[PDB]
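Beneath this line is the structure, given in structure tokens, with notes to follow.
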Amino acid sequence: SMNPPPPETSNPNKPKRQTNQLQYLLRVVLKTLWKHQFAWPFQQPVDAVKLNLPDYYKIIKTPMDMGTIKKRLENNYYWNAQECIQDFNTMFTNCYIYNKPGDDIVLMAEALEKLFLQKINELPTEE
Ligand SMILES: CC(=O)Nc1c(F)cc(C(=O)N[C@H]2CC[C@H](O)CC2)cc1O[C@@H](C)c1ccccc1
């Protein structure tokens with residue numbers, strides 16, 4: 001069994017900025033989800049080897065996780081808030097695509113996604 005390389009968190013070629021919205025996505029959104037009792041399965045890329053999910057990276061071709069998002073935000077990797085919001089939405093969607101309703105991992109994704117939606121609802125206007 002083999003894991004793919006993780007998503008890119010560094011790329012000098014890539015245009016990037018700090019925006020007040022991306023600052024909010026780190027200080028408020030990432031921080032809120034990261035500290036949650038259900039955060040731990042999402043704090044690093046899915047280890048399909050250790051979890052014995054040999055089909056995971058046959059089904060999930062756009063993997064994403066909060067470990068990757070944390071590194072992208074800390075490295076100021078993003079151009080805009082929408083790129084980062086897409087990463088969160090990819091993470092949740094992947095969980096729902098691979099797993100089935102009522103699975104513990106899905107209940108955990110649903111709890112995190114509720115908070116995500118509550119926080120992004122108050123994403124500030126761009127400065
Ligand atoms: C980020 C993510 O989603 N990870 C993750 C996953 F993709 C799949 C499974 C998993 O075992 N799915 C099975 C459900 C039942 C089906 O019949 C067969 C597949 C577990 C996962 O997380 C572990 C740490 C976990 C394990 C237990 C509780 C919470 C998290």
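Each chain in the structure tokens gets a letter, A, B, ..., in the order shown, and its residues are numbered from 1; ligands are numbered from 1 in order too.
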
Item to check | Test item: residues at most 8 Å from segment 77-89 of chain A, only C-alpha atoms, excluding those fewer than 3 positions along its chain, as a list in words | outcome: residues 9, 10, 11, 14, 15, 16, 17, 18, 19, 21, 22, 25, 64, 65, 66, 69, 72, 73, 74, 92 and 93 of chain A

Restricting it to N, CA and C atoms, dump the selection as a JSON list (two decimals), in the first residue's frame.
[["chain", "number", "residue", "atom", "x", "y", "z"],
["A", 9, "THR", "N", 2.37, 22.77, -0.46],
["A", 9, "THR", "CA", 2.26, 23.84, 0.57],
["A", 9, "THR", "C", 3.29, 24.95, 0.32],
["A", 10, "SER", "N", 4.18, 24.75, -0.66],
["A", 10, "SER", "CA", 5.27, 25.68, -1.03],
["A", 10, "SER", "C", 5.40, 25.70, -2.56],
["A", 11, "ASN", "N", 5.50, 26.90, -3.15],
["A", 11, "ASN", "CA", 5.71, 27.07, -4.61],
["A", 11, "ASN", "C", 6.12, 28.51, -4.89],
["A", 14, "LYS", "N", 4.25, 30.54, -7.56],
["A", 14, "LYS", "CA", 2.80, 30.82, -7.37],
["A", 14, "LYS", "C", 2.63, 32.24, -6.83],
["A", 15, "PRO", "N", 1.81, 33.10, -7.48],
["A", 15, "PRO", "CA", 1.41, 34.37, -6.89],
["A", 15, "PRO", "C", 0.66, 34.12, -5.57],
["A", 16, "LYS", "N", 0.93, 34.95, -4.58],
["A", 16, "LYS", "CA", 0.31, 34.82, -3.24],
["A", 16, "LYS", "C", 0.27, 36.20, -2.58],
["A", 17, "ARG", "N", -0.64, 36.36, -1.62],
["A", 17, "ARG", "CA", -0.76, 37.59, -0.81],
["A", 17, "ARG", "C", -1.24, 37.24, 0.59],
["A", 18, "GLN", "N", -1.06, 38.19, 1.50],
["A", 18, "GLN", "CA", -1.84, 38.33, 2.75],
["A", 18, "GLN", "C", -3.02, 39.25, 2.43],
["A", 19, "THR", "N", -4.24, 38.81, 2.75],
["A", 19, "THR", "CA", -5.46, 39.67, 2.78],
["A", 19, "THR", "C", -6.05, 39.55, 4.19],
["A", 21, "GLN", "N", -9.02, 38.86, 4.83],
["A", 21, "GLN", "CA", -9.89, 37.66, 4.72],
["A", 21, "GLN", "C", -9.05, 36.40, 5.00],
["A", 22, "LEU", "N", -7.86, 36.29, 4.41],
["A", 22, "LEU", "CA", -6.97, 35.12, 4.65],
["A", 22, "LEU", "C", -6.49, 35.13, 6.10],
["A", 25, "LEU", "N", -9.27, 33.66, 8.01],
["A", 25, "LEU", "CA", -9.33, 32.20, 7.73],
["A", 25, "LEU", "C", -8.31, 31.46, 8.61],
["A", 64, "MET", "N", -7.47, 16.71, 0.44],
["A", 64, "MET", "CA", -7.22, 17.97, 1.18],
["A", 64, "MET", "C", -7.50, 17.71, 2.66],
["A", 65, "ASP", "N", -6.79, 18.42, 3.52],
["A", 65, "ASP", "CA", -6.82, 18.20, 4.99],
["A", 65, "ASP", "C", -6.41, 19.51, 5.67],
["A", 66, "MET", "N", -6.67, 19.65, 6.96],
["A", 66, "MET", "CA", -6.42, 20.93, 7.67],
["A", 66, "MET", "C", -4.92, 21.10, 7.96],
["A", 69, "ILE", "N", -3.94, 22.84, 4.88],
["A", 69, "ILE", "CA", -4.52, 24.22, 4.91],
["A", 69, "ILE", "C", -3.73, 25.07, 5.91],
["A", 72, "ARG", "N", -0.45, 26.03, 4.35],
["A", 72, "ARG", "CA", -0.72, 27.00, 3.26],
["A", 72, "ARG", "C", -0.97, 28.39, 3.86],
["A", 73, "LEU", "N", -1.75, 28.48, 4.94],
["A", 73, "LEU", "CA", -2.08, 29.78, 5.59],
["A", 73, "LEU", "C", -0.82, 30.35, 6.26],
["A", 74, "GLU", "N", -0.07, 29.51, 6.99],
["A", 74, "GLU", "CA", 1.17, 29.93, 7.71],
["A", 74, "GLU", "C", 2.24, 30.38, 6.71],
["A", 92, "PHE", "N", -14.17, 18.44, 3.18],
["A", 92, "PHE", "CA", -15.49, 17.94, 3.66],
["A", 92, "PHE", "C", -16.10, 17.03, 2.58],
["A", 93, "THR", "N", -16.12, 17.49, 1.33],
["A", 93, "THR", "CA", -16.71, 16.75, 0.19],
["A", 93, "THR", "C", -16.04, 15.37, 0.08]]

Next on the checklist: Any residue with an atom at most 7 Å from ligand 1 counts, using only C-alpha atoms and all ligand atoms. Which are they? Put them as a ChimeraX atom specification.
Outcome noted: /A:41-42,46,51,53,56,95,98-100,103-105

Dump of N, CA, C and O atoms for the selected residues, as an mmCIF file, in the first residue's frame:
data_model
loop_
_atom_site.group_PDB
_atom_site.id
_atom_site.type_symbol
_atom_site.label_atom_id
_atom_site.label_comp_id
_atom_site.auth_asym_id
_atom_site.auth_seq_id
_atom_site.Cartn_x
_atom_site.Cartn_y
_atom_site.Cartn_z
ATOM 1 N N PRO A 41 -8.898 13.594 12.893
ATOM 2 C CA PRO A 41 -8.790 12.849 11.635
ATOM 3 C C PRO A 41 -8.432 13.735 10.432
ATOM 4 O O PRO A 41 -7.983 13.202 9.425
ATOM 5 N N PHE A 42 -8.635 15.049 10.575
ATOM 6 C CA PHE A 42 -8.517 16.069 9.501
ATOM 7 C C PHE A 42 -7.240 16.905 9.663
ATOM 8 O O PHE A 42 -7.023 17.789 8.823
ATOM 9 N N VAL A 46 -4.950 12.011 4.809
ATOM 10 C CA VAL A 46 -5.474 10.640 5.070
ATOM 11 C C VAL A 46 -4.332 9.648 4.825
ATOM 12 O O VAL A 46 -3.794 9.614 3.701
ATOM 13 N N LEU A 51 -4.629 3.291 7.906
ATOM 14 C CA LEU A 51 -6.100 3.145 8.081
ATOM 15 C C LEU A 51 -6.639 1.963 7.263
ATOM 16 O O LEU A 51 -7.845 1.690 7.374
ATOM 17 N N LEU A 53 -7.156 1.618 3.961
ATOM 18 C CA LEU A 53 -8.134 2.118 2.958
ATOM 19 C C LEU A 53 -7.464 2.090 1.590
ATOM 20 O O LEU A 53 -7.192 3.138 1.006
ATOM 21 N N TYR A 56 -8.819 4.366 -1.128
ATOM 22 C CA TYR A 56 -9.072 5.791 -0.780
ATOM 23 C C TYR A 56 -8.590 6.698 -1.922
ATOM 24 O O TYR A 56 -9.379 7.541 -2.386
ATOM 25 N N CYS A 95 -14.649 13.542 2.316
ATOM 26 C CA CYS A 95 -15.112 12.726 3.460
ATOM 27 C C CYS A 95 -16.484 12.125 3.129
ATOM 28 O O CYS A 95 -16.688 10.919 3.352
ATOM 29 N N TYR A 98 -16.257 9.450 0.097
ATOM 30 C CA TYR A 98 -15.622 8.146 0.409
ATOM 31 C C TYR A 98 -16.476 7.344 1.398
ATOM 32 O O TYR A 98 -16.645 6.123 1.219
ATOM 33 N N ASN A 99 -16.983 8.011 2.432
ATOM 34 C CA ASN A 99 -17.676 7.370 3.579
ATOM 35 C C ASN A 99 -19.179 7.343 3.292
ATOM 36 O O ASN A 99 -19.591 7.754 2.196
ATOM 37 N N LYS A 100 -19.969 6.837 4.241
ATOM 38 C CA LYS A 100 -21.447 6.729 4.110
ATOM 39 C C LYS A 100 -22.101 7.518 5.239
ATOM 40 O O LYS A 100 -21.464 7.786 6.258
ATOM 41 N N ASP A 103 -21.720 7.315 9.465
ATOM 42 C CA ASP A 103 -20.348 6.878 9.845
ATOM 43 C C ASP A 103 -19.776 7.898 10.834
ATOM 44 O O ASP A 103 -20.008 9.102 10.637
ATOM 45 N N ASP A 104 -19.044 7.433 11.848
ATOM 46 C CA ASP A 104 -18.417 8.320 12.862
ATOM 47 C C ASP A 104 -17.636 9.430 12.150
ATOM 48 O O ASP A 104 -17.795 10.592 12.549
ATOM 49 N N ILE A 105 -16.804 9.084 11.162
ATOM 50 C CA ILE A 105 -15.934 10.078 10.460
ATOM 51 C C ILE A 105 -16.819 11.148 9.797
ATOM 52 O O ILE A 105 -16.434 12.331 9.817
#

Next on the checklist: Between atom CA of residue 50 of chain A and atom CA of residue 114 of chain A, what distance in Å does the model show, to one decimal?
Outcome noted: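 Distance between the two atoms: 28.1 Å.
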
Excluding residue 113 of chain A and its own-chain neighbours fewer than 3 positions away, which residues fall within 12 Å of it when counting only C-alpha atoms? Please give them as an mmCIF file with C-alpha atoms, in the first residue's frame.
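Okay, out.cif is ready:
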data_model
loop_
_atom_site.group_PDB
_atom_site.id
_atom_site.type_symbol
_atom_site.label_atom_id
_atom_site.label_comp_id
_atom_site.auth_asym_id
_atom_site.auth_seq_id
_atom_site.Cartn_x
_atom_site.Cartn_y
_atom_site.Cartn_z
ATOM 1 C CA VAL A 29 -11.710 29.622 10.907
ATOM 2 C CA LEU A 30 -8.632 27.276 11.006
ATOM 3 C CA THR A 32 -11.753 27.151 15.638
ATOM 4 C CA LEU A 33 -11.833 23.845 13.651
ATOM 5 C CA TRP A 34 -8.257 22.788 14.706
ATOM 6 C CA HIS A 36 -12.389 20.912 18.076
ATOM 7 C CA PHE A 38 -13.367 15.985 16.207
ATOM 8 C CA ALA A 39 -10.442 17.798 14.412
ATOM 9 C CA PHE A 42 -8.517 16.069 9.501
ATOM 10 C CA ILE A 85 -12.496 28.149 1.315
ATOM 11 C CA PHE A 88 -12.001 23.340 3.291
ATOM 12 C CA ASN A 89 -14.966 22.428 1.005
ATOM 13 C CA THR A 90 -12.761 19.827 -0.836
ATOM 14 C CA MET A 91 -11.791 18.282 2.576
ATOM 15 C CA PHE A 92 -15.486 17.939 3.655
ATOM 16 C CA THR A 93 -16.707 16.747 0.186
ATOM 17 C CA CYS A 95 -15.112 12.726 3.460
ATOM 18 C CA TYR A 96 -18.768 12.512 2.253
ATOM 19 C CA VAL A 106 -18.937 11.699 8.607
ATOM 20 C CA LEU A 107 -20.549 12.847 11.947
ATOM 21 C CA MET A 108 -17.137 14.446 12.779
ATOM 22 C CA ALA A 109 -16.901 16.180 9.327
ATOM 23 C CA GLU A 110 -20.543 17.412 9.795
ATOM 24 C CA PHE A 116 -16.863 26.329 9.292
ATOM 25 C CA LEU A 117 -20.178 27.667 7.840
ATOM 26 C CA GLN A 118 -20.892 29.724 11.035
ATOM 27 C CA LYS A 119 -17.375 31.332 10.834
ATOM 28 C CA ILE A 120 -17.271 31.961 6.990
#

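The coordinates place atom CA of residue 45 of chain A at 17.7 Å from atom CA of residue 31 of chain A.
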
Checklist outcome for this item: Pairwise distance, atom CA of residue 23 of chain A with atom CA of residue 67 of chain A, equals 16.7 Å

Checklist entry - Among chain A, which ones does DSSP place in helix (DSSP H, G or I), written as an NGL selection string? => result :A and (20-34 or 40-42 or 56-59 or 66-74 or 81-98 or 104-120)

Next on the checklist: Taking only C-alpha atoms into account, name the residue in A:20, A:68, A:44, A:52 that is nearest to residue 2 of chain A.
Outcome noted: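 For residue 2 of chain A, the nearest of the candidates is A:52.
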
Item to check | Pick from A:1, A:102, A:24, A:40 nearest to residue 58 of chain A, counting only C-alpha atoms | outcome: A:1

Item to check | Using only C-alpha atoms: which of A:123, A:59, A:112, A:49 has the shortest distance to residue 28 of chain A | outcome: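 Of A:123, A:59, A:112, A:49, the one nearest residue 28 of chain A is A:123, counting only C-alpha atoms.
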